[PDB]
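Under the working numbering, residues 124 to 157 are what the sequence shown spells out, in order.
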Amino acid sequence: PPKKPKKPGXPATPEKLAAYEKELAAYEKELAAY
């Protein structure tokens with residue numbers, strides 16, 4: 124089972140937020156595929 128990506132806290136730059144969104148989307152796809 125795919126582990127849920129953790130949220131970048133503190134010094135979180137827009138790119139890492141976008142990365143969190145993309146990785147969360149990947150989580151959704153892999154979770155749905157699971």
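Yeah, the Cβ is synthetic: ideal placement off N, Cα and C, and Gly gets one too.
Beta-carbon spacing of residue i, residue j below 8 Å
| i | j | result |
| --- | --- | --- |
| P128 | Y157 | no |
| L140 | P131 | yes |
| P125 | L147 | no |
Residue i, enclosing alpha helix (DSSP H) - first and last residue
| i | result |
| --- | --- |
| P137 | 137-156 |
Residues near residue i in its chain [Cβ-Cβ closer than 7 Å; skip 5 each side]
| i | result |
| --- | --- |
| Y143 | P128, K130, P131 |
Chain-order list of residues whose beta-carbon lies under 8 Å from that of residue i (same chain, five-residue window excluded)
| i | result |
| --- | --- |
| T136 | none |
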